[PDB]
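According to mature numbering (1 follows the signal peptide of the UniProt record, and there is no 0), the sequence shown holds residues 588 to 751, 765 to 872, 880 to 884 in order. For each residue, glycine too, the CB sits at the ideal point set by N, CA and C. Here is the structure we will look at, set down as structure tokens.
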Amino acid sequence: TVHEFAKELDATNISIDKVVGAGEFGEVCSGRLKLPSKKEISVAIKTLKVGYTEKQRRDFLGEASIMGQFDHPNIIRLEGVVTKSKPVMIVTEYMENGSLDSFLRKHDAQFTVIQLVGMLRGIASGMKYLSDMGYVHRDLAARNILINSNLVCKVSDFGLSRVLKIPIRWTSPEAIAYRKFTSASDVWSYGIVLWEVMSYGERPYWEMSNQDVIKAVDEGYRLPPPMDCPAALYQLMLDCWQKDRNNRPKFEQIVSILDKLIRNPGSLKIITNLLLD
Ligand SMILES: Nc1ncnc2c1ncn2[C@@H]1O[C@H](COP(=O)(O)OP(=O)(O)NP(=O)(O)O)[C@@H](O)[C@H]1O
Ligand SMILES: [Mg+2]
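What follows is the structure, given as structure tokens:
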């Protein structure tokens, strides 16, 4: 049940401002939540459509029951849910700059490498905690990361997450071949996210036929270095994309690698069709 890991909010404490998106289960809006302390915060509010199916309700709230297990600065925060009145609602922290892929596409080549690496470090830190908690996300992609007014990136979209629909472009070869999902398949996905960020939201493998994405990666081809990509970051992508999952870095190692790059920004000044790795 969702109440094990979600607070039931009093709807009198929720105000709705405007619609900001559309989900599988209903609308997404922005608004305000008054906390018990009287503090008021901005929030995102997702509603379950009128005339929902029992399955739609279970899936909708199930994603909240996963999210509510995590309390980490780089994982979207669940403020609570409304179930005792309808529409049913999930209330999360507000992320002013929306989904990371769309945000980067609006800002091609407009951030510093250190800004991009800060975004990537945040995502890695959230993934380190998720994987520490025994969860495999399975849908780690820039479209599933939200970014706030201060450029802090946070892991979202727990619909496909499982305790230890097949987005092929983001999925490791072993997970495609026989549904071998592990934290190491999430690391592969992270490598794709790293490519997405450094490419400012370019689509991984562009619009290659899915069968060709699967075959090419199996044959050892990899996405090419994004323009002006630091060598260190392309190498990190390649490491995330090791054929043997046991050779991929752990999230903790990724976080450490990025922290070193942040501490020695001069490192990033060495700069680096699919490439056969
Ligand atoms: N916490 C949040 N803060 C601010 N905006 C949000 C938040 N959650 C979702 N949104 C906005 O709502 C949009 C859709 O929500 P999302 O979480 O992506 O659900 P979805 O079912 O995946 N819909 P879509 O991505 O459009 O297919 C996002 O792209 C954001 O622009
Ligand atoms: Mg989305």
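Does the distance from the C-beta atom of residue i to that of residue j stay below 8 angstroms?
{"i": "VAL675", "j": "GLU666", "result": "no"}
{"i": "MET706", "j": "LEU727", "result": "no"}
{"i": "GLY791", "j": "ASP884", "result": "no"}
{"i": "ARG730", "j": "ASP688", "result": "yes"}
{"i": "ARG845", "j": "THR782", "result": "yes"}
I want to see whether chain B comes within less than 8 angstroms of residue i, judged by CB atoms only; does it?
{"i": "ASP744", "result": "Judged by its chain identifiers, the structure shown contains no chain B, having just a single protein chain."}
Can you tell me which of the three DSSP states residue i falls into?
{"i": "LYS741", "result": "strand"}
{"i": "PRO865", "result": "helix"}
{"i": "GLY608", "result": "strand"}
{"i": "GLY801", "result": "coil"}
{"i": "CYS840", "result": "helix"}
{"i": "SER856", "result": "helix"}
{"i": "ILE870", "result": "coil"}
{"i": "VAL678", "result": "strand"}
{"i": "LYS636", "result": "coil"}
{"i": "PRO773", "result": "helix"}
{"i": "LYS673", "result": "coil"}
{"i": "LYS626", "result": "coil"}
Which residue's Cα is closest to the Cα of residue i: the options?
{"i": "residue 878", "options": "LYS869, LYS594, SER652, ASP597", "result": "Within the gap of the chain, which runs from 872 to 880, lies residue 878, and it has no coordinates in the structure."}
{"i": "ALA631", "options": "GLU641, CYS616, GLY713, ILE768", "result": "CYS616"}
{"i": "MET808", "options": "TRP795, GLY801, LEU823", "result": "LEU823"}
{"i": "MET827", "options": "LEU838, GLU611, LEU883, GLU796", "result": "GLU796"}
{"i": "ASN880", "options": "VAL855, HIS724, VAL813", "result": "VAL813"}
{"i": "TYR716", "options": "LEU596, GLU614, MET654, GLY618", "result": "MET654"}
{"i": "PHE612", "options": "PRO849, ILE710, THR640", "result": "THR640"}
{"i": "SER856", "options": "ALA832, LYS843, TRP770", "result": "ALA832"}
{"i": "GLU683", "options": "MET720, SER736, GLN643, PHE851", "result": "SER736"}
Looking at ligand 1, does it come within less than 7 angstroms of residue i, judged from the CB to the closest heavy atom?
{"i": "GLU680", "result": "yes"}
{"i": "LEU687", "result": "no"}
{"i": "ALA711", "result": "no"}
{"i": "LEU733", "result": "yes"}
{"i": "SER789", "result": "no"}
{"i": "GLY608", "result": "yes"}
{"i": "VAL615", "result": "yes"}
With hydrogens ignored, establish whether the beta-carbon of residue i is closer than 7 angstroms to any heavy atom of ligand 2.
{"i": "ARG730", "result": "yes"}
{"i": "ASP744", "result": "yes"}
Cα separation between residue i and residue j?
{"i": "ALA816", "j": "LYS780", "result": "19 angstroms"}
{"i": "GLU680", "j": "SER629", "result": "7 angstroms"}
{"i": "residue 580", "j": "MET837", "result": "In the structure as shown, the chain starts at 588 and stops at 884, and residue 580 therefore has no counterpart that could be examined."}
{"i": "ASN661", "j": "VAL637", "result": "32 angstroms"}
{"i": "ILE603", "j": "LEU620", "result": "9 angstroms"}
{"i": "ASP818", "j": "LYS671", "result": "50 angstroms"}
{"i": "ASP597", "j": "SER624", "result": "14 angstroms"}
{"i": "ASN600", "j": "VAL669", "result": "11 angstroms"}
{"i": "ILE710", "j": "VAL739", "result": "9 angstroms"}
{"i": "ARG803", "j": "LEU691", "result": "12 angstroms"}
{"i": "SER799", "j": "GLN842", "result": "20 angstroms"}
{"i": "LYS673", "j": "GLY618", "result": "17 angstroms"}
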